[PDB]
Amino acid sequence: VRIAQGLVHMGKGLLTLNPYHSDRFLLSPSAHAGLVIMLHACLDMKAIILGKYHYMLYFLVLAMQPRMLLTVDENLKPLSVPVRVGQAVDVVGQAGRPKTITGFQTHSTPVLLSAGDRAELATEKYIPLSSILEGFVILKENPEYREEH
Amino acid sequence: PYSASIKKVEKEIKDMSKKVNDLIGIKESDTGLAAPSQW
Amino acid sequence: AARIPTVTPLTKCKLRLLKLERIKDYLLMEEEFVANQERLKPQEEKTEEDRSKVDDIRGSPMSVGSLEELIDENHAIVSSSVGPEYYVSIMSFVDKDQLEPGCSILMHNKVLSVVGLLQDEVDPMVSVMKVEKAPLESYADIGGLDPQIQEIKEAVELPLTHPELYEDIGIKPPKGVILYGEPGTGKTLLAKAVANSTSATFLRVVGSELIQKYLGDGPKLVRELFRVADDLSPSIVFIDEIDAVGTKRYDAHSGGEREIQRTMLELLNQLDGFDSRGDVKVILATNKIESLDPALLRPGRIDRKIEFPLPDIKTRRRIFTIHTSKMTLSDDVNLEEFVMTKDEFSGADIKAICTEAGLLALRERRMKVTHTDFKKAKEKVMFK
Amino acid sequence: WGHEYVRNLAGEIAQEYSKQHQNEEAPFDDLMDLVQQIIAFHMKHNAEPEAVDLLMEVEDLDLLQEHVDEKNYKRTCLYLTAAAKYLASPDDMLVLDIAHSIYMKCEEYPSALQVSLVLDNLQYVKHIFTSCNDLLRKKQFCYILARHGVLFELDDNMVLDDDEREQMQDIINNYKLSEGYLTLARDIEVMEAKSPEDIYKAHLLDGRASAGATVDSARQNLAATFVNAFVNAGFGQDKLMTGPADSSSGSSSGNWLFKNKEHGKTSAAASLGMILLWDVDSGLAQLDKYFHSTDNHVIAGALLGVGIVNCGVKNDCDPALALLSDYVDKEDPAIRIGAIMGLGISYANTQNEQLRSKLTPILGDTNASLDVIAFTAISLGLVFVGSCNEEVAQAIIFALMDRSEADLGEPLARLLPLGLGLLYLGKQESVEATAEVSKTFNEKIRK
Ligand SMILES: Nc1ncnc2c1ncn2[C@@H]1O[C@H](COP(=O)(O)OP(=O)(O)O)[C@@H](O)[C@H]1O
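Residue numbers (PDB author numbering), protein chains in the order written: chain A, 747 to 895; chain B, 33 to 71; chain C, 50 to 433; chain D, 151 to 597.
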């Protein structure tokens with residue numbers, strides 16, 4: 747129970763054990779291997795984890811990644827830009843240009859993205875070079891943007 | 033495009049469900065009797 | 050049976066195919082798990098050995114008993130059809146869901162243990178008041194007024210038409226509609242359309258039928274009508290001739306006025322009592338509402354008030370063109386001539402005139418109806 | 151003639167193709183011309199899913215590469231990606247390749263990179279990088295590859311500037327990940343370390359434990375260490391392990407470390423490795439203090455912590471390999487296990503041949519303890535996930551035959567098959583031969 751409590755408070759809420767990336771399309775082999783090893787070790791709790799091999803839990807090191815969406819300027823410096831965060835919606839088969847996110851709340855700089863939450867830029871000033879806003883995203887200033895005073 | 037492909041498959045599964053449930057025994061509607069898997 | 054109620058897809062999307070494949074896989078896995086039981090340890094036929102053993106265990110001769118109480122733990126208390134109270138227990142096939150007083154419990158013949166339940170197909174009160182077939186044609190056969198046709202529709206059918214419109218407004222259908230009008234106004238004709246259009250169960254109650262001869266009976270009849278209608282299904286029960294509550298006095302009933310009063314109080318309780326009657330609607334009509342008990346009409350027991358006046362001089366035209374649709378009448382006469390014959394010709398008057406004209410044409414076996422037949426029918430109808 | 155006519159024609163064409171493929175005697179050109187016209191009509195009217203379905207039922211998916219426009223590629227490619235999830239191995243592979251071709255024709259290199267990563271083919275990634283002329287896009291692709299955990303050594307033919315090559319190599323090495331995590335922690339004000347007691351919120355449970363003697367169980371201390379390591383991972387500072395000795399006592403900070411026993415000491419040491427996650431410079435310096443301990447368990451834990459620290463971060467100096475290779479040969483089973491696990495964790499999915507050569511001889515040593523060989527198999531699987539290297543699979547299989555029936559009863563015997571499967575993660579059809587080979591294993595393990 748103490749191990750479970752520690753896992754729940756991993757990184758104080760900043761790190762996750764998601765083996766998938768980019769809208770669950772890419773499976774990371776390292777994180778999956780670590781998680782599978784941890785589960786196979788847990789299969790025989792008394793002998794493996796409660797025995798002499800408490801350290802098998804350190805295979806979980808492969809599966810932990812941060813919940814950070816940091817927008818970066820061309821000069822590789824962090825940039826705070828408002829971002830809309832919400833649950834992703836399957837836009838396949840929908841006529842028109844449907845929004846990919848359910849939500850209107852705007853969050854600036856590094857929004858803690860939860861499992862299933864997708865991010866779209868709230869400002870047209872910057873064109874995101876990444877079709878999926880996750881982890882490091884390099885933002886390019888839009889040359890066509892005119893500040894409407 | 034395969035309008036008849038899916039309807040026929042669904043109907044086959046629905047018919048087979050009863051064709052297999054009748055092999056254990058739920059039929060023979062009684063007049064106040066419980067399930068053979070109840071007594 | 051009720052394996053999966055998810056049909057929301059309603060298209061050729063891959064989700065419907067995936068759900069069907071998962072269901073088929075689960076069914077196949079269950080069938081495979083079940084098959085091995087007989088393959089490894091059948092130990093019996095499982096088809097007729099069980100049924101034969103059940104028949105030979107439970108008393109072969111099963112009697113007609115009557116459950117009167119409830120004993121969950123392998124026991125039950127009933128009275129023998131001869132009269133002797135019994136302590137018969139519960140058997141394996143008990144399926145104890147009909148454990149209510151009155152349902153006959155069938156006991157064994159050897160040890161008289163509960164063998165079978167008693168399927169009930171009687172409902173005497175409901176049957177002596179259940180409408181089997183549609184009375185008349187669609188609402189178009191009523192004709193002329195339709196001031197309540199929309200109102201009565203909203204009161205009864207509209208709740209059953211698509212009960213989200215009243216749901217989206219945040220309200221429940223009106224409590225009740227009482228159709229009061231002049232004698233022979235066609236109130237019964239309104240119930241005719243209500244039944245021909247109705248969708249749920251409908252019960253017909255003769256107005257005098259609530260007053261019985263034995264003291265205390267009338268309240269029992271009212272409570273039984275309420276139980277039957279409510280316990281049966283969503284219903285629209287019309288107790289016609291409500292004026293008969295105290296208007297007519299008969300020597301058959303032992304009680305005097307304090308019996309009609311008790312029956313009316315019981316009816317009021319059954320309409321707005323101390324429980325949830327469920328989804329039950331009431332539509333009653335009367336021709337003399339001046340004497341009806343005031344309490345039985347307060348908003349909350351009978352909500353919608355509908356008044357039916359005599360057919361209008363403009364409505365009389367539709368009434369006549371309706372009640373004489375299939376008559377092979379000769380063009381000798383014009384209906385408008387008799388349209389104003391009676392200063393207060395009610396709806397029943399037109400039907401009576403048409404019937405009398407048809408009969409008169411019949412006496413001579415003629416093929417069509419002449420003006421003289423209508424003239425002779427008019428006097429015989431209004432004048433008597 | 152209207153859209154309904156086109157749709158019914160598409161369905162009937164699918165049926166005709168299905169039945170003609172079984173006949174093998176009808177000319178195809180006449181059907182192909184009509185199919186091309188139908189595809190063009192569907193593309194012009196944004197009825198892309200119908201065109202994709204028709205071409206799928208015709209199996210002539212190559213025609214998509216000619217009728218995709220700059221306004222039609224997004225929906226079409228999304229449909230192909232969605233279908234691929236329903237398509238099985240061989241069909242999905244061809245579909246993904248055609249989607250990659252559409253993407254390269256449409257000049258959206260990020261989606262092409264994602265599709266190629268799904269295909270696990272480095273040649274397509276190299277082609278994508280070569281076709282790219284934008285430095286910022288290359289940097290973003292390097293970030294994506296670092297996230298996916300794939301090492302892509304940029305060849306000299308890819309970039310003409312040495313400094314830019316070094317910059318993207320650092321980006322791939324996830325050097326800036328620690329800086330980003332620290333910046334995020336500063337932004338949210340989550341720097342303050344939380345003790346395990348704060349999570350335990352013991353004040354809320356004291357309603358019934360006022361009569362319990364304070365017996366500090368070793369297992370409770372180990373749980374506290376694990377929770378402390380989990381909560382304060384990557385923050386660089388801890389109140390229990392690295393907290394300043396600011397209380398009237400000149401006693402080594404290792405007071406809590408020595409309270410644990412053997413494997414407990416190893417776990418406490420590995421907690422330090424977690425706490426300095428992704429921080430090679432300070433992590434190595436802090437673990438150097440514990441490398442000097444006379445306890446073999448502490449040394450093994452320090453090695454495992456070193457392996458943890460460099461997890462996901464690669465340094466050109468390769469401190470992990472140089473440090474751990476010296477401890478791999480040591481006779482002590484605990485130190486050997488720690489070094490092997492550190493090498494496996496630090497070099498996961500790296501496909502380094504030097505590690506293969508250094509680890510394979512250990513697998514063949516009959517004098518090694520079951521723990522050592524099982525962890526060696528796990529580390530080899532972790533290093534070679536998805537590579538399908540026949541040599542490592544053969545080595546693990548050889549190790550599996552050489553086991554007596556008694557060793558098969560221990561739970562640790564269940565980990566060697568786990569490692570062998572890890573070698574084959576994500577590659578469907580290549581595993582049938584290995585399953586056939588494994589059918590020769592003993593019945594108790596075979597299944
Ligand atoms: N269009 C009509 N409007 C009104 N009453 C009509 C109409 N057509 C026929 N009727 C007559 O109405 C009567 C329906 O019974 P009703 O008038 O309610 O009787 P009561 O008022 O005595 O209970 C029948 O005699 C029927 O022939």
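A virtual CB, placed ideally from N, CA and C, is assigned to each residue, including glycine.
Chain-order list of residues whose beta-carbon lies under 6 Å from that of residue i (same chain, five-residue window excluded)
i, result
"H192/D", "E200 and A201"
"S421/D", "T375 and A379"
"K594/D", "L558"
"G576/D", "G536"
"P208/C", "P222"
"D305/D", "none"
"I191/C", "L238 and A242"
beta-carbon residue i near ligand 1 non-hydrogen atom, thresh 7 Å
i, result
"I291/C", "no"
"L238/C", "yes"
"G407/C", "no"
"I338/C", "no"
"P358/C", "no"
"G235/C", "yes"
"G396/C", "yes"
"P150/C", "no"
"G225/C", "no"
"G192/C", "yes"
"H372/C", "yes"
"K400/C", "yes"
"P184/C", "no"
"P68/B", "no"
Residues sharing a beta bridge with residue i, DSSP
i, result
"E866/A", "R830/A"
"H298/D", "Answer is none; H298/D lacks a bridge partner."
"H853/A", "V829/A"
"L815/A", "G881/A"
"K179/C", "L252/C"
"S303/C", "Answer by DSSP bridge pairing: none, since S303/C is not bridged."
"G165/C", "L155/C"
"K330/C", "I285/C"
Residues near residue i in its chain [Cβ-Cβ closer than 8 Å; skip 5 each side]
i, result
"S303/C", "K262, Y263 and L264"
"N371/D", "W406, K409, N410 and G414"
"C282/D", "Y259, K288 and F291"
"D219/D", "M193"
Nearest-angstrom beta carbon gap, residue j and residue i [assumed within contact, 8 Å]
i, j, result
"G492/D", "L474/D", "5 Å"
"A563/D", "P33/B", "No, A563/D and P33/B are not in contact; Cβ-Cβ is about 52 Å, not under 8 Å."
"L239/C", "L228/C", "6 Å"
"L320/C", "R347/C", "The Cβ separation is near 10 Å, so there is no contact."
"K73/C", "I45/B", "5 Å"
"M814/A", "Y331/D", "7 Å"
"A470/D", "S507/D", "So it is not a contact: roughly 16 Å between Cβ atoms."
"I285/C", "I332/C", "6 Å"
Chain-ordered chain D contacts of residue i [CB-CB under 7 Å]
i, result
"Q751/A", "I349 and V377"
Beta-carbon proximity list for residue i, same chain, < 7 Å, skipping 5 on both sides
i, result
"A809/A", "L763, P765, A777, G780 and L781"
"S328/D", "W428 and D429"
"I321/D", "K289, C292, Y293 and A296"
"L378/C", "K417 and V418"
"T421/C", "none"
"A249/C", "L209, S282, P283, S284 and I285"
Listed by chain order, chain D residues near residue i by CB distance under 8 Å
i, result
"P68/B", "Neighbours of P68/B on chain D: none; closest Cβ ~36 Å, over 8 Å."
Proximal residues of chain A, C-beta to C-beta of residue i below 7 Å
i, result
"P561/D", "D790, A793 and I794"
beta-carbon residue i near ligand 3 non-hydrogen atom, thresh 7 Å
i, result
"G114/C", "Annotation note on ligand 3: not contained in the displayed structure, which lists ligand 1 as its ligands."
Residues that residue i contacts on chain A, provided the C-beta gap is smaller than 9 Å
i, result
"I458/D", "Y804 and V807"
Closer than 8 Å at the beta carbon, the chain B residues around residue i
i, result
"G494/D", "Within 8 Å Cβ-Cβ: nothing; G494/D doesn't reach chain B, min ~48 Å."
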